[PDB]
Amino acid sequence: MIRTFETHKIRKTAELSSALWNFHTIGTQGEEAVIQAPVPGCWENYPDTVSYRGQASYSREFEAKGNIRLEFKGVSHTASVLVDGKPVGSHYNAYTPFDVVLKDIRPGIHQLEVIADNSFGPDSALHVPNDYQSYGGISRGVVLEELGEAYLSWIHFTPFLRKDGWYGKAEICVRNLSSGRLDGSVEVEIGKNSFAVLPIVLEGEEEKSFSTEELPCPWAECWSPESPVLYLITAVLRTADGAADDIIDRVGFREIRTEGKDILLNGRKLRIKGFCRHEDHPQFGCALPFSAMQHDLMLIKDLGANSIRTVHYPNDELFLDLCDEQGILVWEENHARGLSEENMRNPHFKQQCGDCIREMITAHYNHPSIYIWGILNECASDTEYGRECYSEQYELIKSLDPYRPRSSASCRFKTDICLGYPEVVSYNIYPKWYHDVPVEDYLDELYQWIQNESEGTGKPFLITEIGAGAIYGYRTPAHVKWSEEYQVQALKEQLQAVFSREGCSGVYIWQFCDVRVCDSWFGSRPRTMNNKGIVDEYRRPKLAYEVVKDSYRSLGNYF
Amino acid sequence: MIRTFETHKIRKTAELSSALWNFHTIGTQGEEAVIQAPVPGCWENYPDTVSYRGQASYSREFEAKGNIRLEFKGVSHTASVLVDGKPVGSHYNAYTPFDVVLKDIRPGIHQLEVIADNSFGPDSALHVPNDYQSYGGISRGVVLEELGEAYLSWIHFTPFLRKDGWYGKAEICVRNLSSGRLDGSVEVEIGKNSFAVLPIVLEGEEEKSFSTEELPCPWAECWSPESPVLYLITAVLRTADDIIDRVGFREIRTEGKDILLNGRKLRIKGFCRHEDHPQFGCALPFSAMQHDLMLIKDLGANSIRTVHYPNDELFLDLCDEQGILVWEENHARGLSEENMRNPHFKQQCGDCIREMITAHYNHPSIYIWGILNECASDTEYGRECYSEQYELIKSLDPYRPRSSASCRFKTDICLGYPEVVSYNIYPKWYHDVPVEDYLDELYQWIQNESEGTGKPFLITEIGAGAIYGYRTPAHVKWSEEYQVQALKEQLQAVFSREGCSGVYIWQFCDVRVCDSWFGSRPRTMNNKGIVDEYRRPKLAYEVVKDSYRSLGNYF
Amino acid sequence: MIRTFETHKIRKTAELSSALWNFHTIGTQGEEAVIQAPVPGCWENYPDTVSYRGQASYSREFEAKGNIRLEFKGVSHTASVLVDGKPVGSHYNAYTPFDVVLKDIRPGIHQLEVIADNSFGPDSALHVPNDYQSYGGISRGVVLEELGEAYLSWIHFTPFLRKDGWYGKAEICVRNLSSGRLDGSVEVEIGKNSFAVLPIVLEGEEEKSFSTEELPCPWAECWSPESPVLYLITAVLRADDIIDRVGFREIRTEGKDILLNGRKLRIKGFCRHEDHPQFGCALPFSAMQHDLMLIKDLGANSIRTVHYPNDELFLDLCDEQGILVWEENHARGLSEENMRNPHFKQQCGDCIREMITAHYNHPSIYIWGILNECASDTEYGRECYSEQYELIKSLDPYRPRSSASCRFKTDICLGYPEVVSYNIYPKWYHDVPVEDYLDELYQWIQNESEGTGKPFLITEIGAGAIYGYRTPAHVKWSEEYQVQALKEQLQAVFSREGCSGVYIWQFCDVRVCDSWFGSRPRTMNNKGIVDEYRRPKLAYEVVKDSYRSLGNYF
Ligand SMILES: O=C(O)[C@H]1O[C@H](O)[C@H](O)[C@@H](O)[C@H]1O
Ligand SMILES: O=C(O)[C@H]1O[C@H](O)[C@H](O)[C@@H](O)[C@H]1O
Ligand SMILES: O=C(O)[C@H]1O[C@H](O)[C@H](O)[C@@H](O)[C@H]1O
Ligand SMILES: [Cl-]
Ligand SMILES: [Cl-]
Ligand SMILES: [Cl-]
């Protein structure tokens, strides 16, 4: 399973994940026995490599002929792909998909091999020792596609809420694999309503994007938390062959807009009742199956949340599909957490950030659940060099998506110099956990400073992180910190304060569940875990579960 | 995902599971909220139905035209299927697959609804209050198939090991949905080798089976735990339809006290494993299953026993591919004589055996068929039921051996029937007898005073409780250190017991049970796992791994 | 520490406990290591004997001359005492005190050895495999007393509440260790008020008791939960003394009422075993008070001593804090056949005799219990209940008596006690609504039993919970289920017309016997409101809300 829906009926495709591959470590001075191992999966979950860091090899066979495409939804975190023993592609960043295109391969059985690598080092500026694990392995799915002469790379649909109703445009990208000129047509339908026909002329080996006008969609019903209506959009490449290729995605008609201090969904003023959620599970690493995803979402919905924040990297497209279908709002951000100014000066940092953003928005553009793009969680936005990166990455996002609001979760308390750029100002604060200041006092001081002393003034404002730690099981009448009883007190006051802060659009609690972290963080991280889950790593509700549930269920999605 | 491989390239099929359906409980007078629930799944894992027992409705839409088949891999435990508001199908038993066939439906969008029921009462003779959970919901997958005039119902392949090498016969069942006579052909290949072309004749609306002969397979490599080579077998109906399954070339038979796999004397290093998980109920995804199997391989085990019911075919697929030997039994546990006298018992055991063996016939990992775990094999009425079910199996699968797990310590009157004698025993957990002494007294009784004398012998259950996290220097029962003492002695005795073929540890993980069993079941769990319900290893995990890993697959 | 107050100022005494003795197990052929072990203590808390059941030896030396007395407050459960190598004394039962008296021993250093034994078998009718632990060792204190020619063996003070106010009578037992006739006086004071001077005549080696008359005590303030005023009572033999503490309080039943100083009492109680993961049944002063402070924090006003007499230092603390005590002889759940053990009646009568003689003066003890959940539905059992009730009345004619029954509508012994008491477990062992279960049982007692019209207590109600096991399914053994159960249970008992109150089963989790493992997760009884480490379970708040919303009287 790759999506909750079929993205192709014309194109010949086959999933090569949901299978056992042969797995062995490489580059050790140990026995490198070959085992059978699941794809998707992480090798920290296989008994023999439970604390392995480095390189390992995944291999299987496939049968194909002609032009083919190999799509990897995620490889943790550095990949080398080899077909029949020849290097054919490479990738960095565990959380975005990439592909390999191979022209006119001999028929029959072929050998596929993926070297996955989760080493830390100078070549890796995003995956570093951090307050979340960098797993290893083929953590999301793999798809083999047999292509014709030319194929559809992506389709991007934008709805528009005009005075007279719903409009929309579509942009399609076509890649000519043939050395000759290509003439054809792309016909677009949305939900079996006729939309557009884009005539196609492509030179040899050219990839080109084509756009429709802004067209009426009087038949469209809107997407919202209360009514998450989705339509299948289908684009068909027609050439002298015939219906040669297709691409199918899903869209929701919804408008996300900022106006003053208001985040507006379909004209209504939005209240965020959110959770920060990592892709982490003690059996599945970051390769969580559909059943584990939906189990998280039912707990999150049971807590009364309307939104998730993808800390701190793009998410599996299966998960975003599930959020589309259930009306869950998504803050999605590029892969970065707490990188210093010196980390951002790594020779690869800008290129790696650029590649993450490009793949994230190119692949995830159509998800109506995504309402905001985040960047550079808690990076050095108080420095001049830090500002330079923020500026570039913000404007990279505008060039890819000129319509969704942008933001970045900050912790430079009253020293941020990058608040002028984004549409939404966002802050991570931990009064009552890391600081013994009353939550109301701390939040008021920060908020006045943003309104009076920063270029963030007048913009909508979110607390993108607040919460407290607690070790499940540890309970004492002393209510000391790390006890479940103290987490209850902390969250009750924290949620009371954010929901009472005039000008604040809501909150993401840090965080949904407990998370495995890197070993170097053990000094401040009991159990080598981040312990601020409202549910523990096995999804057992802590005492604070009821406190969060009482808060979130007592408020609606709108102001 | 339904199988680890594609079962169709010609038949038009689409998975209707791996999706959210609309869900609500039924049996009340007001508004019940409609929630979006995962299929496959158990409603005990949905926050608002965590302890619900009764009926509930699952529903979605699909697009289809003409003759269609809806295949349900598992609905826990009683199902009613309605298409476009009309009841079209029924099933009992949570653990066997079943299908609905509809002729010439109008084109377009249709409404599908499943009423799932996990209630207890007189209608249900297999799902009772018991020492495992009877979940509710669409706990395995659902497949839409668009059919034509006729379709291949199943295909059964049987390998035969002769003095000159491998042989095999195939038997195909074809169903004619047309009221006229059908003429056609069925082309069978195994691993892209030409096997047979059978001409077919079916009268109107008839279902008939057709067999090849025993043909030579000089190309076949064998299947074993060391080398689980598999082949795809393909059957194409030309009249337009196909069916694809997987086979291994391997021989299971008993001879004297020996269980022989390809003529080698087999040693079972097993775990009893329930389909139970704290997040997934009995509806475990591919990822969870492989996680269990990797732990089980890490423990040195070479076999699993499917306590106490048939298993997901995706799980059997994974065992085939990895060389894991499988004891699969019909759904029954610990039924007394009076439970077995329920007017539905014989029908429901018979339906379970027929659907189990017909659907699973080809898995090379399945080496034995079990029946009626700890049922009333000490009574005449019980013996009557054992006899019927043993002969039902022989009619469906005349080659694999049969057994049953007994707890009728020196009182069983049914040991003459099976190919293998199996006993569940718990010395050093329920009785403070030394294991060697308890197992010796049992073993000499079967041999000197029972009709099971001279047959192969397994310990199908042995083990001890341990609540994860409870440890004391006193080594009291339920402490993890006591499970260590108990499992060492237990495994040492079984592997040293002359005539015993091996052992299934009770059990792999901790398992949720029914509330009525709470009094003897701490946490309303079975705590005899070597890993707890969250798959964390107890202290005894090391003891089992040192034992199993010191031993190979054969004597 | 033996009591919270000094019991002698004239008598020469020294505590031999609060020390390390030499300890080794016996019953083997080789060399057993000798270790320095604590007395008081249980060997199940010593690392090398954590599961030891059998005999063991405890020994130390002492210095003494002349007539001496060795008082042993508790040896679990069968004791043999040797001085200088010679068998001098025997006891059975872990929970009652006993003494050895030695006439004119040579002066100097002496060897004392105690052989303790916690074996189960035919010689033991009370200590059996059961739903609590039979520990081994010198689990309570030990006192050396150096005596003269006679000594005061005990003193019993009884208050009487009359129209004009408080009266009292005292009874004193003097033991003559001399072979000749003895003459003297006994001078008794209560709270430095003059009380009585009794002239004493004892023949040779005679033990005789002497009674004062009922005398006015117009200075006496009364004892109660609200005001636990205590007085020291002093009896001086003229050469020897004995001191004890009394409270002026009247316990009475009248109709369906239990009256404490005329006020209708409401019991808000806990069953509490003498059990601690570190200290076995040998809990120090500090651990007792920690239990008592949690018990007061929960809003309770009473404890029930399941299922045996308690340390006198614990009883002392209950006197000082106004905690009402139900004390019972040592027995739990013996069947008719267990009761037909040939030592059963001897060992019950010894327990009742040692219990009431030692504890008579504790004003906190308001009722005497017997034979918890024994065979009160059989004729042989009713024979035993009958005997033990009348023995109690012969030793204590004034406090009410009872027994905790589980013979739900089959008890034939309800005619005997002053108070009818039942242990019931609806919503734990039976899925009946508590009010319906309690109403069915109550109407039967009123309409169909000889217990009709008498005061009525629920002496056990509660539910299991393994600390730390929590789930949204609220299954049994989860802490969330124990919350639900106790809420309904306490709602029902406190609303049951005719019911005087409740003892929750039980305060804390308790180690039990290995044979009970099948129904006892962790080989523990998990029905505590705190766990064995005194950590509060979720249901702690439920009990607190219930008990703190109710006073001590109706
Ligand atoms: O302290 C914490 O737990 C958090 O601190 C920051 O807010 C960071 O963004 C998180 O990743 C997490 O580490
Ligand atoms: O006691 C136990 O745990 C077991 O007893 C029997 O052996 C039964 O077959 C098991 O299902 C389980 O109930
Ligand atoms: O079930 C229980 O825990 C209780 O049963 C009886 O009421 C008995 O008096 C208690 O000692 C305890 O065993
Ligand atoms: Cl933390
Ligand atoms: Cl168990
Ligand atoms: Cl218990």
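Residues numbered from 1 in each chain as written, not as in the entry; some residues may be left out. Chains lettered and ligands numbered in written order. Part of a larger assembly, values for the part shown. Heavy atoms only, no water.

Per the deposited record, the coordinates in this entry were obtained by X-ray crystallography to a resolution of 2.250 Å.

A short note on the interface of chain A and chain C
Counted only if it meets this: Note on contacts: a residue pair qualifies if any of its non-hydrogen atoms lie within 4.5 Å across the two residues. By definition, the buried area sums, over both parts, the 1.4 Å-probe accessible area that each loses when the two are put together. By definition, a salt bridge exists where a carboxyl oxygen of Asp or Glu is found within 4 Å of a side-chain nitrogen of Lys or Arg. In the analysis that follows, any N or O atom pair within 3.5 Å is treated as a polar contact, provided that within protein one partner can donate a hydrogen and the other can accept it, and provided that, for residues neighboring in sequence, both atoms belong to side chains. Basically, the charged four are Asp, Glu, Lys and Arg, the nonpolar ten are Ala, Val, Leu, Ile, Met, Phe, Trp, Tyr, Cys and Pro, and anything else, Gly included, counts as polar.
Taken together, the contact between chain A and chain C spans 8 residues of the former and 8 residues of the latter. Buried surface at the junction of chain A and chain C, summed over both partners, amounts to about 610 Å²; 41% is from carbon and sulfur atoms. Among the residues chain A hides against chain C, the three largest losses belong to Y472(A), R475(A) and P541(A). Together they make up 72% of the total. Among the ionic pairs, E484(A) bridges to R470(C), the shortest N-O distance being 2.7 Å. Our enumeration of links across chain A and chain C arrives at 2 residue pairs in polar contact. Considering only residue class, the side of chain A that touches chain C consists of 4 nonpolar, 1 polar and 3 charged.

Description of the environment of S76(B)
Residues and elements named next belong to chain B. Here is the rule we go by: Every helix listed is a DSSP run of H or I at least four residues long, and every strand listed is a run of E at least two residues long, numbered separately from the N terminus. Three exposure classes are used, based on accessible area relative to the maximum for each residue type with a 1.4 Å probe and protein chains only: buried under 20%, partly exposed in between, and exposed over 50%.
Assignment of secondary structure puts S76 in the loop between β5 (66–72) and β6 (78–83). For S76, a relative accessible area of 0% puts it in the buried group. Not counting the four nearest positions on each side in its chain, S76 is found in contact with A94, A116, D117, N118, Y135, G136, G137, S139 and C282. Polar side-chain contacts of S76 include one of 2.7 Å to the side chain of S139.

Quick look at the packing of aromatic side chains
Convention followed: Each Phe, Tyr or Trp ring (for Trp, its six-membered ring) is paired with any other whose centre lies within 6.5 Å, and the angle between the two planes then decides the class: stacked below 30 degrees, edge-to-face above 60, tilted in between. Geometrically, a charge over a ring is one whose NZ (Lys) or CZ (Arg) sits within 6 Å of the ring centre while staying within 35 degrees of the ring normal.
In this structure the tally under the stated criterion is 81 aromatic pairs over all chains. A ring pair is formed by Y385(C) and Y389(C), whose centres lie 6.3 Å apart and whose planes are at 45°; its orientation type is tilted. In this pair, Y385(C) and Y389(C) are both assigned in helix α5 (residues 379–395), 4 residues apart and thus about one turn of the helix distant. An identical accessibility class is assigned to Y385(C) and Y389(C); each is buried. Through pairs of rings, three or more aromatic residues link up here, namely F157(A), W166(A), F195(A), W219(A), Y231(A) and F253(A). A cation over a ring is seen here: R540(A) above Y534(B), with NZ or CZ 5.1 Å from the ring centre. When the ring centre of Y470(B) is taken as origin, the NZ or CZ atom of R522(C), which lies over that ring, is 5.3 Å away.

Considerations on the site of ligand 2
All names here are of chain B. Rule in force here: In these notes, residues near a molecule or strand are those with any non-hydrogen atom within 4 Å of it. Under the convention used here, a 1.4 Å probe and the Shrake-Rupley method define accessible areas, while residue burial counts only the protein chains that appear.
Residues in close proximity to ligand 2 total 13 residues, the closest being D131, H308, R333, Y430 and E461. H308 places a polar side-chain atom, nitrogen or oxygen, 2.6 Å from an oxygen atom of ligand 2. Contacts to ligand 2 include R333, whose side-chain N or O atom sits 2.7 Å from an oxygen atom. Protein burial of ligand 2: of its 320 Å² of free accessible surface, 96% is covered by the chains. Split into classes, the residues belonging to the shell around ligand 2 amount to 3 nonpolar, 4 polar and 6 charged.

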